[PDB]
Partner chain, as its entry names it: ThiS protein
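Let's start with one chain on its own, the form solved without its partner chain, as C-alpha cells.
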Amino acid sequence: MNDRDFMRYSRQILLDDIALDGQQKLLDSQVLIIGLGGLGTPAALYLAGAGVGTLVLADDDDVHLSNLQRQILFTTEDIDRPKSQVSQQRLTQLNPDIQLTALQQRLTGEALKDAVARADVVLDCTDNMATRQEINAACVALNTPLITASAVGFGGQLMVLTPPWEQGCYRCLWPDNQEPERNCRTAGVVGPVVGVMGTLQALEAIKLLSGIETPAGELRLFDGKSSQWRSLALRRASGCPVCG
C-alpha cells in the first residue's frame, strides 16, 4: 500500500495482531451496517477510521433533534436530512480513501439478500426485532456473519454469530419474532450505553475481518447502572426454522 496510508493506519499496523497484512485485509473487506442510529453511528465511524475497505450504510430515516443525544455522527444542522447520506458524507470527510455507499431505503427481500451476501460481515444496528430476524435469516442463508446488538435505558446486549452456525442463530435464542418483555422501559436510553454497544459491534467486526481469535456464540450483557458485564452461553434449537 501507500507510505501515507501507512501513517493514517499507523496505530493499527503497529499492532502485532493486525500489522500490514490485516490492514490490507481490512482495506479489502466490505461491511454492511443496517441502521445508523445510536448503535450503527459509532459503529460506522470507527470502521471507516480503521480502514474498512467498503461500507454500505442502510437507513430509511431522517436526522431528528431527538437523535442528537446518542447518534453522535450527526449535527443539529443535519436535521431533516436523510441519515444514510449525511452519514456517508461525514464518514468521507474522515476517510476519503475508502468507499461508502448510502442506501436511502429499507433493506428487505432480495434487496437485503444480495446486499448481505457480499458483505464479509454484517452489523445489525436496527433496534428492531423483525428486521433483526430477517437480517439473521438472510445472514444464515448466504452464510455471512451477523453481529447484532441493542440497548434500552441502561442496558446493553451484544452477540456475534459466525457462519459455521455452531451455537445457532438469533432465531435460536428467540425462535419467536414478536418482542421481549423489556417493552416497558423502552422509553429512553443513555447515550454511552447504546454507544458502547455499537462501538463494540465494530471491534468485533475488525477482529473478525482481520482474522483474530475473538470468542463468539455468547450473549454479552451490559448493565450501565451497575457498570457490570455478564455473559450467557448459547446453543441452537434442536430443529430451528433456520440453522436446522
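Numbering follows the first chain given and starts at 1.
Missing here is the form deposited with its partner chain bound; even so, the following discussion is about that form.
Heavy atoms of every residue among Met129, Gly156 and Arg235 are located within 4.5 Å of its partner chain in the deposited complex.
For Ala151, a non-hydrogen atom is located within 4.5 Å of its partner chain in the deposited complex, even though that partner is not displayed. Within this chain, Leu173 lines the site of its partner chain in the deposited complex, having a heavy atom no more than 4.5 Å away. Although the partner is absent here, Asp60 is not a contact residue: none of its heavy atoms lies within 4.5 angstroms of its partner chain in the deposited complex. For the chain shown alone, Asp28 is not a contact residue for its partner chain in the deposited complex, no non-hydrogen atom being within 4.5 angstroms. Contact annotation for 17-42: residues with any non-hydrogen atom within 4.5 angstroms of its partner chain in the deposited complex are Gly37, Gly38, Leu39, listed in sequence order.
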